[PDB]
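So this first bit is one chain, no partners, the form deposited in one PDB entry, shown in structure tokens.
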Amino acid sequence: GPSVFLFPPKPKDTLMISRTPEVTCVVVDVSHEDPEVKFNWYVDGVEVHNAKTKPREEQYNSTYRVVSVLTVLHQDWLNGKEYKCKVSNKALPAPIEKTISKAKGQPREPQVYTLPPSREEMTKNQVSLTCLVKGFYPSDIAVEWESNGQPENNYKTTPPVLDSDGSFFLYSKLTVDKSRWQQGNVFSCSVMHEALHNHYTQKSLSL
């Protein structure tokens, strides 16, 4: 019959107090016959009741998708509390349970290094500004770029990669017009991670 998938909050939402982290329980393959779905949420085994279920939506299939969203406390996620979604619906012999939590293990501070374009890349119209972020644990992390107070959005960030020592690393690549770089504009790589002071640090890069 139906399946259930449980998604953690965005790393940034749990780290920034200005933001609202959510755990999202998604039920798929929901029958047209018996489409009334019931959720039970649990935080460390104790049931909570503040979850908001979206009105069931029609899918590609002749099937519905139904989503419930549990608003969570930043501190609770970061302190390792377990969140359980329990879905009940007649097209299942037993109700399905899914549990997630932040990865266990000693947090490690990400080292953030900015690297200028390779000398050879300076023959191109666009150049790459590189932000190396290494030695962080867990892999939950967010990276952004900005210049003169304003966000730079022409960037791509690799997924986290497991390193030799059990920590993670990644690279973020910002692409700018060579001329912008030549003129001495300052660029900043912003990294958000729990093992950082204030969950935030920022490294600058200019010619």
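Rigid core (definition): largest C-alpha set, two forms, superposition within 1.5 Å. A residue's number is simply how far along the shown sequence it sits, counting from 1.
If you look for the form deposited in another entry, you will not find it shown, but the lines that follow are about it.
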Please name the single residue among 40, 147, 68, 157 whose Cα shifts by at least 2 Å between the shown form and the other one after core superposition. 157
Would you say residue 130 moves its Cα by 2 Å or more between the shown form and the other one, aligning on the core? yes
Post core alignment: residue 106 C-alpha displaced by 2 Å or more between the shown form and the other one: no
By the 2 angstroms cut-off, has the C-alpha of residue 79 moved between the shown form and the other one once the rigid core is superposed? no
